[PDB]
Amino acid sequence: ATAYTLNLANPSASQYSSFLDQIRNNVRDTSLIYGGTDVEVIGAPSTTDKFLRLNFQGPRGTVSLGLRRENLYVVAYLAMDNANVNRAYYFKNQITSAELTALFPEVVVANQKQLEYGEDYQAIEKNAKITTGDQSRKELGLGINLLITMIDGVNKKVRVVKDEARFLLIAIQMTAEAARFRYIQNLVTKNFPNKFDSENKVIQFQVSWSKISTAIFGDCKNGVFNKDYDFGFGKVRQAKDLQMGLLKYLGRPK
């Protein structure tokens, strides 16, 4: 229903930052305070407003993403094909036809396509066919210019699974992950709008979102962890050193 648009025709570091803040502010419950920190926390699951729409507006067309508000999971995307026909692709265990119709009304039922693979990184990475290094998403890099190039592979083109997969990997990281982790957002704006190399720390943050959220939720007092934590990139005692942008909903503080 609610849609936020990122203007990639005229990219601005401030516009990108405000875009991420709109996402954070949309899903957060301001009454929730985890571990005495000021970091925003995703509110309890809504039965009425379940999805959020993100538009990537370019000079030659617009590609859209559909995200689940309860956990920021990307569940679908909208892109015009080679015949300029709007088509929606979705992950099966994530959304229904009726919900997809409401999310992307410009797409007719017949043009809704269920994706052959899973929504998890491993499954998408397999189809991305990355041939160098560890063959994971880290090998693609990050950045505004990279996102623009990836959109070019799906905007008004015949669907190719390899290009679709690579687009999804970058789109998920530049939106959902950047919203959750300010470290990722800061790398994007520091190198704006260039493509740059990703890091092990970027991946380490991503795989430990739940762990970090649980640690702040139940083992942190006034921003200080009760014990030392190491999520892969070193020992952390102060929650602020994590530069968190959005915490996972784990209930209300006890």
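Counting begins at 1, following the sequence as shown.
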Would you tell me which stretch averages the higher CA B-factor in the PDB entry, 239-247 or 10-18? 10-18
Going by the average Cα B-factor in the PDB entry, point out whether 180-188 or 120-128 comes out higher. 120-128
The residue of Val75, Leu115, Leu169, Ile148 with the maximal C-alpha B-factor according to the PDB record is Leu115
Based on what the PDB entry reports, which of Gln173, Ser136, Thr96, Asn71 has the top C-alpha B-factor? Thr96
CA B-factor ranking of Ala79, expressed as a third of its chain: middle
Once the chain's modelled residues are ordered by C-alpha B factor and cut into thirds, is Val109 in the lowest, middle or highest one? highest
Where does the C-alpha B-factor of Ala102 rank in its chain, lowest, middle or highest third? highest
Within-chain third of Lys211 by Cα B-factor, per the entry: middle
On the chain's distribution of Cα B-factors, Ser31 falls within the third called lowest
